[PDB]
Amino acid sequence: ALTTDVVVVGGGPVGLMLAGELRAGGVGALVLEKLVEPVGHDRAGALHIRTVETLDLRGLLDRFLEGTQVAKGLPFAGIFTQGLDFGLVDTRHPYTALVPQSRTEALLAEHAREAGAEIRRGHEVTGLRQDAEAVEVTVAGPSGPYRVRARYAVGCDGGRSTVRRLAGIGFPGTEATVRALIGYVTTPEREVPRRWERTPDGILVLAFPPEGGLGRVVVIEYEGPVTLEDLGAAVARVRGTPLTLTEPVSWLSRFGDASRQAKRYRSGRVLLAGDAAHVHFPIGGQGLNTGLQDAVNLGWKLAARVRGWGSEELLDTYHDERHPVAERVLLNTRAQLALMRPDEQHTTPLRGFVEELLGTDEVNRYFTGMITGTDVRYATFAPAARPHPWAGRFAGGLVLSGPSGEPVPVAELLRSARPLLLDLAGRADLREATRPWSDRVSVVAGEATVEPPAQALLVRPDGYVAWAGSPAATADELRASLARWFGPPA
């Protein structure tokens, strides 16, 4: 603990989000980032519903939306006529925010710094040891190698995670069989169809202004340096007729569908988040979404463990909750690849039937919820009998009515990163019962009718419901949940 409470390995968007969260939880966070200067990415990032809702309860949503384009729908597996309908899901943010990942990275960096996280760029982690008392990290710095001692170390260091490998955590999954190229390059052609198309030999996504010039190319066919020539050639194989790509080249890269996940998100004092914990083909823009939400899930649990009121069991719920979520993201990207397989004989007809189905609200809601994260709910600390219908559900989008009729968004209340007891129906017995926890937990009265009904919601710092009360609920049950979740009464 000598150097800092928590060392974050990697200053990508996920590490920076995690450091923000740790600071909001009142503990020290040191971010060791390998690069001296951020690289640049695909400039077409997407932040989906549940990520947007999460940013809102952190008070970050506004700056993320400054000068931002949004989308009110999304195609599924390259199917556009019957796309994902954001209106069928319960949310007050029915849109995807189109924010370039580099901007997301800059914003989170600014925030993390403003919150008192120390960021060190050009410090690469080369070694990692842990014992009962603490974690030591070996870093390549200014006078060469030095050691950092901390209570916990979190690897948010990407798919090629150093932390994961050195902690001895397995990364089971498949190897890539799909090869994709993506580039932002200029072109001498006009009225070029800005279409997403399947052909017999692959997938082509051309995005060029009708005048010609800088545009986005993505080509997919069923690591290493990419040239403007490779891109040009691949486009030809897939499209049939060659396309003239020329400089200036703003970006050239490759990626594949290797689908892997850390077997454990936690090993003693070491934990993983983001791509360090899971990799997959970037279909439907789900990767960073998952990672940012990994971080908000872990941040307050980790801060609570450091300060002494979070239990080991609590910290264990990080893996138990987030691992199933990423496992499903991996499966769905792989399934989408099957649906997009370039293949007129069988897959084209199969796509016809899927499209019909997407025209129905129930199935459409099914996939919308899957891609946008709105279907994420947790099953933590259940009885032991059955738990309340609201337990584990997301409450960050609820809006109460205050003493004088004015709205009270639960999102704005959670901005302090403290648990909330929402008293939806009176229940002064409950509010009184929570007082010995007043230092950790906030009590807030407000009228609201939810579905299914609830008289009270004990809400976690990440917007999910830890505990829900029915009329049958006794103050004693709440004291039990308060202890189990948030530690012993003062």
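The numbering used is simple: start at 1 and walk along the sequence shown.
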Task: Size class of the missing deposited segment between residue 222 and residue 223 - done: 4 to 9
TODO: Count, per the entry, the deposited residues between residue 338 and residue 339 that are not modelled, and return the matching class: none, 1 to 3, 4 to 9, or 10 or more.
DONE: none
TODO: Name the higher of the two by mean Cα B-factor in the PDB entry, 97-105 versus 79-87.
DONE: 79-87
TODO: Between 8-16 and 466-474, name whichever shows the higher mean Cα B factor according to the PDB entry.
DONE: 466-474
TODO: Would you mind checking which of 277, 226, 331, 354 has the top Cα temperature factor in the PDB entry?
DONE: 226
Task: From 209, 397, 172, 392, residue of greatest CA B-factor - done: 209
Open item on the list: Considering every modelled residue of the chain and its Cα B-factor in the PDB entry, is residue 440 in the lowest, middle or highest third?
Closed with: middle
Task: Lowest, middle or highest third - CA B-factor, residue 50 - done: lowest
Task: Third assignment of residue 123 from its chain's C-alpha B-factors - done: middle
Open item on the list: Quick check on the deposited entry: does the C-alpha B-factor of residue 44 sit in the lowest, middle or highest third of its chain?
Closed with: highest
Open item on the list: Based on the deposited C-alpha B factors for this chain, I'd like to know if residue 250 is in the lowest, middle or highest third.
Closed with: highest
